[PDB]
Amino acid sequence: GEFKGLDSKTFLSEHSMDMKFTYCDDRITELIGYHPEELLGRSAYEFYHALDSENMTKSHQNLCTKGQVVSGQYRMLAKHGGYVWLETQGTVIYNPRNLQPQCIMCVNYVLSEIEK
């Protein structure tokens, strides 16, 4: 893992409450290979490494209970093969009028180069 210069490897994303991308920073393309528009409406489960799906399901449940929390380290499968390690600070955004959740805002920081 590489923990220096993480600002240059950080990208923002926005999600529905059912784990779909509704927005992604163009910075993801240089880091992981995806174009933001191809992520839209797609599930995080299409990209989590198989070893991490479980923990990330629990982590999402933790997020929904706490309102904000860090994800724990996990791996995203990269567009052209292999994966990168990353970690996410998640924040649920609520409608103040009825306190229903509207979306999840994420600050994602990539912790490695693409690995096999």
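Heads up: residue numbers just count along the shown sequence, starting at 1. In this text, the rigid core denotes the largest set of C-alpha atoms whose superposition between the two forms falls within 1.5 Å.
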If you line up the core and then measure how far each C-alpha sits from this form in 6 other deposited structures of this protein, which stretch comes out higher, 34 to 42 or 68 to 76?
68 to 76
Report the stretch with the higher root mean square CA deviation, pooled over structures and residues in 6 other deposited structures of this protein, choosing between 20 to 28 and 6 to 14 after a rigid core fit.
6 to 14
Please report whether at least a third of the other compared entries leave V107 without coordinates.
no
Avg C-alpha B-factor, entry values, 93 to 101 vs 14 to 22, higher side is 93 to 101
Taking only the CA atoms, which stretch has the higher mean B-factor in the record, 30 to 38 or 68 to 76?
30 to 38
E54: which third of its chain by C-alpha temperature factor?
highest
